[PDB]
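Report on the structure
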Amino acid sequence: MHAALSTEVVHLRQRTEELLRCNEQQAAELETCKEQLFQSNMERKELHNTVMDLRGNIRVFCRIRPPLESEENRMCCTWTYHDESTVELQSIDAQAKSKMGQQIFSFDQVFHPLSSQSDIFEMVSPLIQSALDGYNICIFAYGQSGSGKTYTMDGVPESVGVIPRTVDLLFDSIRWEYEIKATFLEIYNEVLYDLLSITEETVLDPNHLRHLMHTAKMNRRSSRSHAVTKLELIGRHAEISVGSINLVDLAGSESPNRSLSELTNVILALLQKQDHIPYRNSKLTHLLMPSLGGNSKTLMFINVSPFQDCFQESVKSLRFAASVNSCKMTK
Amino acid sequence: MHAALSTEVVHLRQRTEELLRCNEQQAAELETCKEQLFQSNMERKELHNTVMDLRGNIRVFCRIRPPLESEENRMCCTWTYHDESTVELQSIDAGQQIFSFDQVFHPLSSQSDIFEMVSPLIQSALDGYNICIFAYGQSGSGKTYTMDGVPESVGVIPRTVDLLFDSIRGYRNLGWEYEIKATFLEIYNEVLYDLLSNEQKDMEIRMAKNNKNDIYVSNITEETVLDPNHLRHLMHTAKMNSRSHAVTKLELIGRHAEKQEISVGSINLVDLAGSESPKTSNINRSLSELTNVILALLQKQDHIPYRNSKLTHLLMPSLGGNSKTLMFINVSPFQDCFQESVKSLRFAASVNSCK
Ligand SMILES: Nc1ncnc2c1ncn2[C@@H]1O[C@H](COP(=O)(O)OP(=O)(O)O)[C@@H](O)[C@H]1O
Ligand SMILES: Nc1ncnc2c1ncn2[C@@H]1O[C@H](COP(=O)(O)OP(=O)(O)O)[C@@H](O)[C@H]1O
Ligand SMILES: [Mg+2]
Ligand SMILES: [Mg+2]
């Protein structure tokens, strides 16, 4: 019995130890693997930005939101992702899939419904920073109501969002003298509201802005209005670099008041009709003019719903998103 | 005590079991992380190649060298750098001379400046692309100092290698193992010469083994670099060995055991012979043949006569397709080199002339 037991003890001891060093071996590799994956991710993004710049074409991002717990029984259409920038959608009924069929679109980046509010911002960040270095950055969220425009731009108190993570980046990148001119307005019928037509107030502290913004979001079928938000920056250091971080939140061009229809006519003009562009044919287009044409980095979000009942609309959205990413921004 | 050993056996089993599961869980993590790293690297390579395409798959640069300390008063012609792409020159003792490049390096541009144009292509070579770094110009323009450089200021090749080993080291953290095939040769009068041997012989350019498109130089010395010391040794052995072309080829062969993937690319650092006009008591063919192959590639042609010159045949698998080429046109900042400097630069005109 002694011998036998002895044999076990020895065996298990070697196994325990040989198995222990193996655990360390992996941990070392796991640790290293993360670092490398992290370095790889960082590279792709730097390169993804270099690429989008040299291209010139206004950046277009697709964001596909996940279904809310409420609509737990709401049918979804088939979604295929060919890679980081190409997304396809197919209807539940095959009688439409054969007749024209091939609903595949390719943008600068497609966000899966699992994407977080950070995975989004991390792609917008570069623009926000370039604002300080003297650049006019614009960014809106086209899409049908219920798609995610407001959730992307503003977001929810629980999580966050573009606009407000933007401030945490607008000040952090300052830590040279920087003066900021916050601005809020809205367009229901075709008139401007809030503190404007007239002006704004200056930013003082991150809290003051994080508040000034919350102040505006108050006083808000229901949302067929564009939510713009200007943010002029001032570079002194002591000739004065100036850049604005425009933030627009479109209404929704879903199957129907119709200002968005004039925005598309702009996009089309950004290619053909090089002669007179319908910039001055919409109160929205006018404020977004220094973005669609003039030297300015424009980033648009294309919010879409994964629901079948939204198919026709998703396609209209995706389809319009394609032409926009075709405009070669002068810059 | 049997009981004592008996109790240790149970606890050792509990420990082993609890250990087995910990390791198993780490395996699942590791595999996933490895799977994501490879894909992530695959997209990074794609993104990198896009940037190179955008900057141009065939770029031409100008590099004017500073006046030599061996002549304070030998004349310089009237230079005038219009932008960082255009440059002009003018004679003093006998239209307009204005040429555009992807970038113009003046006499103050350092070797690092030059390498900043190449550095990105080393990554391209490790990602399976074939690069061609060319140094065109008349004797004295600065071709050698550019490509090889000097010990006080190493040139393209030495920097390329240094970057190469560092990047190769890093890649091991992704599961990649890299090997470098080095070959050094000289082309004088359409005749190749091995710079790694003393034995006079014959080396013909035959088709590769795994591809009727790749090249193969029979009787060539193909060293498999063991480490930077080995390579260092070779490069020195080779320099020790005018009117010919010098070609230092680095073949980057990466292997990924786990994914069973390979990545084969190559850097072709060429030191073209002088482009001047000969006298009495030719190479200017393998040279014109080279510029034409680059011009032919630009105009996107079909029937390219690579096999025309010994050089264009050798670099054939690196002059077309995904391949990237940098043409550093060296120039002498002197009046007596006006005609030639204009000739050298004039090539840039033909390059961008391709609408
Ligand atoms: N990406 C997302 N992840 C989680 N929830 C989202 C996401 N996008 C939108 N939502 C939620 O979906 C609903 C519609 O979003 P919302 O921004 O109001 O659509 P829109 O503003 O385009 O009409 C809201 O209930 C919102 O809080
Ligand atoms: N950028 C430079 N800086 C300092 N010296 C240079 C530079 N370019 C060329 N030279 C020098 O000019 C001379 C010309 O030789 P080289 O560069 O090999 O010319 P080539 O290859 O065109 O025949 C060499 O002595 C070299 O060291
Ligand atoms: Mg809304
Ligand atoms: Mg030389």
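The name the PDB entry assigns to chain B is Protein claret segregational, from the organism Drosophila melanogaster. Recorded under Catalytic activity, the UniProt text for chain B is reproduced unchanged: "ATP + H2O = ADP + phosphate + H(+)". In the Sequence similarities part of its UniProt record, chain B is described as follows: "Belongs to the TRAFAC class myosin-kinesin ATPase superfamily. Kinesin family. NCD subfamily."

If you check the PDB entry, chain A appears there as Protein claret segregational from Drosophila melanogaster.

**Brief notes about the side chain of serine 286 of chain B**
Residue and element names in this part refer to chain B. Structurally, the position occupied by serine 286 is in helix α6 (residues 283–298). Residue class for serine 286 comes out buried when judged on its relative accessible area of 2%. Only 3.4 Å separates the side chain of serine 286 from the side chain of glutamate 190, close enough to count as a polar contact.

**So, the site of ligand 2**
All names here are of chain B. Neighbouring residues of ligand 2: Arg63, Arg65, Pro66, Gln138, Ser139, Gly140, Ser141, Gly142, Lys143, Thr144 and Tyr145. At 3.0 Å from an oxygen atom of ligand 2 is found a main-chain nitrogen or oxygen belonging to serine 141. Taking 560 Å² as the accessible area of ligand 2 by itself, protein coverage stands at 66%. If one sorts the elements of the shell around ligand 2 by residue count, helix α3 (residues 143–147) sits on top with 3 residues. Taken together, the residues of the shell around ligand 2 sort by class into 2 nonpolar, 6 polar and 3 charged.

**Topic: the site of ligand 1**
Residue and element names in this part refer to chain A. Around ligand 1 sit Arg63, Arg65, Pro66, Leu68, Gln144, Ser145, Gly146, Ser147, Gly148, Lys149, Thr150 and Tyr151, and that is every residue in its neighbourhood. Contact distances for ligand 1 include 2.7 Å between an oxygen atom and a backbone N or O atom of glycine 146. Residue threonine 150 places a side-chain N or O atom 2.8 Å away from an oxygen atom belonging to ligand 1. Its free accessible area being 560 Å², ligand 1 has 74% of it covered by the protein chains.

What counts as what
Residues numbered from 1 in each chain as written, not as in the entry; some residues may be left out. Chains lettered and ligands numbered in written order. Heavy atoms only, no water. UniProt positions renumbered as here; feature names shortened; annotations may be inferred. Helix = DSSP H or I, 4+ residues; strand = E, 2+ residues; numbered from the N terminus. Buried < 20%, exposed > 50% of the residue type's maximum accessible area, 1.4 Å probe, protein only. Polar contact = N/O pair within 3.5 Å; in protein donor to acceptor, adjacent residues only side chain to side chain. Near = heavy atom within 4 Å. Areas by Shrake-Rupley, 256 points an atom, 1.4 Å probe, with all protein chains shown as cover. Nonpolar A, V, L, I, M, F, W, Y, C, P; charged D, E, K, R; others polar.

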